[PDB]
Amino acid sequence: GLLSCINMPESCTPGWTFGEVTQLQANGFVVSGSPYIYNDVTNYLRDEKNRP
Amino acid sequence: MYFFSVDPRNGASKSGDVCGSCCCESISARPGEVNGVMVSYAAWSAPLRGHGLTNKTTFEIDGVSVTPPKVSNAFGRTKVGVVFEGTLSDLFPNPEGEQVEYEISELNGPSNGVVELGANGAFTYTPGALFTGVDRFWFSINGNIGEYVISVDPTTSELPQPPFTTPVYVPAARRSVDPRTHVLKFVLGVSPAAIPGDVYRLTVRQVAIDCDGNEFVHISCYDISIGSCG
Amino acid sequence: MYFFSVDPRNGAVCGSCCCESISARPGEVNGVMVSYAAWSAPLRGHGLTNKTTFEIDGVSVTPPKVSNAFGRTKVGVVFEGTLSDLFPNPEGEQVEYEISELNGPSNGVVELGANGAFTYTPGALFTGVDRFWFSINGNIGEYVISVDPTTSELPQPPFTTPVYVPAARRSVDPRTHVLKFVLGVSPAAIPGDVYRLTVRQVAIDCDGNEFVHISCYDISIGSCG
Amino acid sequence: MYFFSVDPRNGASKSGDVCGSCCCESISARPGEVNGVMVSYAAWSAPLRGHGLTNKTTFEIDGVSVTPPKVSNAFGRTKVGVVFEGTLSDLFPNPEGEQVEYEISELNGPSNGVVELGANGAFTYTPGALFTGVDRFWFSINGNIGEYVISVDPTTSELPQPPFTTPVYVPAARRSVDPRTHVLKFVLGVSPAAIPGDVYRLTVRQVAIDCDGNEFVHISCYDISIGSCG
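Residues numbered from 1 in each chain as written, not as in the entry; some residues may be left out. Chains lettered and ligands numbered in written order. Part of a larger assembly, values for the part shown. Heavy atoms only, no water.

In its metadata, the entry names cryo-EM as the structure determination method and reports 3.49 Å as the resolution.

Identification of chain C as Collar sheath protein, gp13 from Agrobacterium phage Milano is taken from the PDB entry. For this entry, the PDB record gives the title as "Structure of tail-neck junction of Agrobacterium phage Milano".

The name given to chain A in the PDB entry is Tail sheath protein, with the source organism recorded as Agrobacterium phage Milano.

Structure follows, in C-alpha cells:
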C-alpha cells in the first residue's frame, strides 16, 4: 500500500492531523499519510436508513 | 398488497432481536404506484372481548428524508371550453448553466384535456368540451419532476384551489375496517414527484371498542422507503 | 391485553423489590387482566368485590419542559390563543410549533398561526370540554378548552397525568376471580420514565368479612413500541 | 409469445427493498418480426379482491441506445390509377466516397402495388387498380435500411400524412385484458429498419379496480434488445 512512484518531498508536518483524521475515518475515506495508504475503505456508511 | 400483523402487546414479551431496535415496519413503494395495505389487529383486539374495531382511525405522515425538489409546482385557472395557455420556463430555477429539456411524460398526462408542449417551455392545454373541474399533469424538466394543476370554471365566477398533492399520501376516504375479522384496509399512493432514496414515516392510530362503548387505543409505525427502478 | 397472575400468599419475579413489569407507549390506552384465582379460590367464599383502589407513583419522571394551559370560551363563539408563553425556551432555539393530527381536537378545529397563534372554532351546538396536544420543538404538552353553554360558566377539570387508570372502567368476575382494568398513557409521557401502580384488592368470605391483598406493577414508558 | 409474471408488490419481492434489484425484464426482438406479449397481474391483483383490471393501460417507448440511421426516409403522393415515379439517391447523404447499391427486399416490399427499381437510384411504382389508401416499401441503400411511404388519393383533393412508423412500436388498438384470469395481452412490432445492438425501454402502467370503482396503479419496466438472427 506504499505508493511507490510519488517521491513526495519529505517534510515535518502533515495535512490532516490526528483529530480530523480520526474524524473522517468514522466517515469513510482513504486518508494517505513515498506516502503510504491505510484504512482502504469505501464511502459506505449506511444501508437504507439503519446507519450502523 | 402489503399484509402486516400488529404487535399484540399481550405481555409485551417480544424478544427484541437484540441488535435491530427498529419497530416500525418497512414498506417499499415506487413513484406513481398506488398500492393497498392490510393490517391485522386480530392479535391485539381478539383478547379484548368486545365489538371489535371501529372506523375512527387516524394517520399521519411525517417525513424523515426530504431531498427538496428542484422544479416547483404550478397552478392555473381558465373558464369552461376556452383554451388555456401556459409557460414552463420559470418553474425551474437553475443554479448552473445548462439546457432545459422540457418533457411531458405520457404516463402522467392530463385527464380531461390535451396538452401540446411548445418548442421552448410553452404549452397549450385544451380542456375537454362540456367539462368543469380540476386537472393535473406532471412535467419533467431536466429529469426533475413537477406538477401543474389547472382549474376550469363553469363560466360563472371562479373555482377554489386544490392543496397541491404531497409526495406520499393516503387517500381521504378509501380506508375500511372489518370488525368481524379485525382487519384494517387502506391505500398508499406515491405521486410521481417522489424522489428515489427518500424515507417517510407513517404512524397509524387505531381504536378498538369494548363491550360497553369505551376505547382502546393502539399506535403503530411504518417506514415508507421510496425505491425506484428509475 | 396484559395478563398477570397473583401470588397465592404461601411464602412459596421479585425484580427489584416485588413489583411486576408493564411496558407502555405514549398515547396508547391498553387493558390489563389480573387473575386472583390463585389467591381467592382456596378461601372458599363469595369471590372478589368491586372495591379496588389504584395509586400511581413515579420513580422516574423527567420533569416536563413545556407547560399546559386552560380555557373557558363560550358556545358557538370562536376562541383565540397563543402558544409562545408556554415553552420557556431557555437557550436560544427556534420556537417551531406543531399540532399533531393524531391528537387534535375532538369537537372543533384549530388554525395554527405563523408564530404560536391558534384559532379554535368549537363545533356548533356543543357544550363541554375539549383537549389537544401540541409539540413545541419536540417537547409535547396539552391545551384544554372548556366551551360553556352561554349561561354562566363550566368547572375546571384536572390536567391529565402522564400515566393514569380511568375513573370507572374496572370490573371483577367473581365466577373466575379476574379483575379487568384499563391503563391510559398520556401522549406527554416522556420515554424512559418509570411509574409505579399499586393495587389493593379485597376478597370476601361467606359471612361478609374482608381479605386484603396488595401488589405493584412498574410501568415503563418506552418509545417505539 | 413472451409471458411475464408481475411483481406482486407484496413484500418478499426484493427482500422488501433491502435488495432492490427489480432490473427491468428482458425482451429479445428481431427487426421485421411482430410478436405477442402477455403479462399476468394475478399475483398482484388476486389479493386485491375486486373487479380485476380495466382497459386503461398505457405504454411509453424511449431509446437508451439508438445509433441514429444513415439513410433518411421519404414520403410521396400520387392519385388513384396514375403511375408514380421517384428517385433513390437523395436519401443517402454519404460522408465518404463509395458506391450506392440500391436494393428492395422482396420480403418487405409493397402491399397494393408493384415497384420496378431503376438502374441508377430510380423506381417506378404502379399502384393497385381500384384502390385508395397508403403504401410503404423498405429499401436497402448500401445495407442501410430505410422506408419510403406513398399516399394514393381518391382523385378528389388529397390524403393526410402518416407518422413514419418508429423502429419499435406498440399497435394502436390491439391490447386486451381478461378480468377473469388477470392477464393483459398486447403486440410488439419491430420495424425492418431497427439496427441490431440498439436497446429501447418500454414502461407499462396498468390500473386495477377495487370493489367500489376506485383505482390501483402499477408500473413495470422492460428492455427491448434489438438483436439480429433471433
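> I keep staring at the nonpolar core and nothing clicks. Help me out?
Proteins that are soluble and globular tend to have nonpolar side chains buried together. Core analysis: the largest hydrophobic core is formed by 34 residues, its most contacted members being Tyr41, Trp44, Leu188, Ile224 and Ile226 of chain B. Listed by contribution, the elements that provide at least two residues to this core are strand 1 (2-5), strand 2 (25-29), strand 3 (34-40), strand 13 (183-190), strand 14 (199-209) and strand 15 (215-226) of chain B together with strand 3 (29-35) and strand 12 (178-185) of chain C. Among the elements that take part in this core, strand 15 of chain B stands out by supplying six residues, more than any other. Non-local contacts of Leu188 of chain B, meaning those with residues more than four positions away in its chain, are made with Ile27, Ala29, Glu33, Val34, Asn35, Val37, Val168, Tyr169 and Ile224 of chain B. Of all hydrophobic cores here, the second largest spans 33 residues; its members include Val34 of chain B together with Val37, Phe59 and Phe186 of chain D. (Core = buried A, V, L, I, M, F, W, Y, C linked by side-chain atoms within 4.5 Å. Buried < 20%, exposed > 50% of the residue type's maximum accessible area, 1.4 Å probe, protein only. Helix = DSSP H or I, 4+ residues; strand = E, 2+ residues; numbered from the N terminus. Contact = heavy atoms within 4.5 Å.)

> Just to check I follow, could you spell out the sheet that holds strand 6 (residues 84-87) of chain B for this structure?
Strand pairing in a sheet is mediated by backbone hydrogen bonds. Such pairs are either parallel or antiparallel. Residue and element names in this part refer to chain B. Pairing is antiparallel across the open sheet formed by three strands, whose spatial order is 6-8-7. With one partner strand each, in any of the chains shown, strand 6 and strand 7 (113-117) form the two edges of the open sheet. If you compare each strand with its neighbour and ignore which way they point, the axes differ by 20 degrees on average. Bridge count for strand 7 against strand 8 (residues 122-127) is five bridges, and the pairing is antiparallel. (Pairing = 2+ DSSP bridges. Axes fitted to C-alpha atoms, helices over the stretch in contact; angles between N-to-C directions.)

> How should I be thinking about the interface of chain C and chain B in this particular structure?
Interface size is commonly expressed as the accessible surface area that is lost when the partners come together. Taken together, the 19 residues of chain C in the interface contact 25 residues of chain B. With both chains or domains summed, chain C and chain B bury close to 1,800 Å², and 56% of this area falls on carbon and sulfur atoms. For the salt bridge of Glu28 of chain C with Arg9 of chain B, the shortest nitrogen-to-oxygen distance reads 2.9 Å. At the level of secondary structure, the elements contributing two or more residues to the side of chain C that touches chain B comprise strand 1 (2-5), strand 3 and strand 12 of chain C. In terms of residue count, the dominant contributor to the side of chain C that touches chain B is strand 3 of chain C (three residues). (Buried area = accessible area lost by both parts, 1.4 Å probe. Salt bridge = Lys/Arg side-chain N within 4 Å of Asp/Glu carboxyl O.)

> Would you mind going over the packing of aromatic side chains with me for this structure?
Two aromatic rings, taken as a pair, are described by how far apart their centres are and by the angle between their planes. All told, the structure shown has 28 aromatic pairs over all chains when counted by the stated rule. Taking the centre distance of 6.2 Å and the plane angle of 65 degrees together, the rings of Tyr41 of chain B and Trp44 of chain B count as edge-to-face. Their ring planes at 45 degrees and their centres at 6.4 Å tell us that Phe84 of chain D and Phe123 of chain D sit as a pair that is tilted. Pair noted here: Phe84 of chain D is in strand 6 (residues 84-87) and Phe123 of chain D is in strand 8 (residues 122-127), with a separation of 39 residues, a long-range link. On the accessibility criterion, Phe84 of chain D (11% relative accessible area) is buried. Residue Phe123 of chain D is classed as buried on the basis of its relative accessible area, which comes to 5%. Here the aromatic cluster, defined as three or more aromatic residues joined through ring pairs, consists of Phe118, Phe132, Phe134 and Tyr143 of chain C. Above the plane of the ring of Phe216 of chain D lies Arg174 of chain B, whose end atom (NZ or CZ) is 4.6 Å from the centre. Seen from the ring of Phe216 of chain B, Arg169 of chain C lies directly overhead, with NZ or CZ sitting 4.7 Å from the centre. (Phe/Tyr/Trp six-rings, centres within 6.5 Å; stacked < 30°, edge-to-face > 60°. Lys NZ or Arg CZ within 6 Å of the ring centre and 35° of its normal.)

> Which parts of the structure should I look at to understand the environment of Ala193 of chain D?
Here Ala193 of chain D shows up in the loop between strand 13 (183-190) and strand 14 (199-209). In this structure, the C-alpha to C-alpha distance between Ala193 of chain D and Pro31 of chain D, residues 162 residues apart in sequence, is 6.7 Å.

> Please explain the pairing of strand 8 of chain B as it appears in this structure.
The side chains of a regular strand alternate, residue by residue, between the two faces of the sheet. Residue and element names in this part refer to chain B. What you see with strand 8 is a clean split: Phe123, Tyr125 and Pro127 sit on the buried side and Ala122, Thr124 and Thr126 on the side with no burial. Bridge count between strand 6 and strand 8: four bridges; the pairing is antiparallel. Within strand 8, the position partnered with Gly86 by the bridge is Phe123. Between strand 7 and strand 8, which pair antiparallel and follow one another directly, the connecting turn spans four residues, one of which, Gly121, has a positive phi of 55 degrees.

> I keep staring at the environment of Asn139 of chain C and nothing clicks. Help me out?
Note on placement: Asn139 of chain C falls in strand 9 (residues 139-147). Dropping the residues within four chain positions of it, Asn139 of chain C is found in contact with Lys65, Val66, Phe87 and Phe134 of chain C.

> Any chance you could explain the sheet that holds strand 2 (residues 20-24) of chain C here in plain terms?
Residue and element names in this part refer to chain C. In space, the four strands of this open sheet follow the order 2-14-13-4, with mixed pairing throughout. A strand with exactly one partner marks an edge of an open sheet, and here the two such strands are strand 2 and strand 4 (54-60). For this sheet, the mean inter-axis angle between neighbouring strands, taken without regard to orientation, is 30 degrees. Both strand 4 and strand 13 (residues 194-204) contribute to a ladder of six bridges, which runs antiparallel. Bridged to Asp57 within strand 13 is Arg196.

> Looking at this structure, how should I read the pattern of salt bridges?
Two side chains with opposite charge may pair up if their charged atoms get near one another. On inspection of all chains with the given rule, the structure shows 14 salt bridges over all chains. Residue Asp153 of chain D is joined to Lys79 of chain D by a salt bridge in which the shortest nitrogen-to-oxygen separation is 3.1 Å. You can see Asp153 of chain D sitting in strand 10 (residues 144-153) and its partner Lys79 of chain D sitting in strand 5 (residues 74-79), a full 74 residues away along the chain. The buried category is assigned to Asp153 of chain D, whose relative accessible area is 1%. Looking at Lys79 of chain D, the relative accessible area reads 26%, which means it is partly exposed. Connected through shared salt-bridge partners, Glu33 of chain B together with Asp7 and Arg9 of chain D make up one network.

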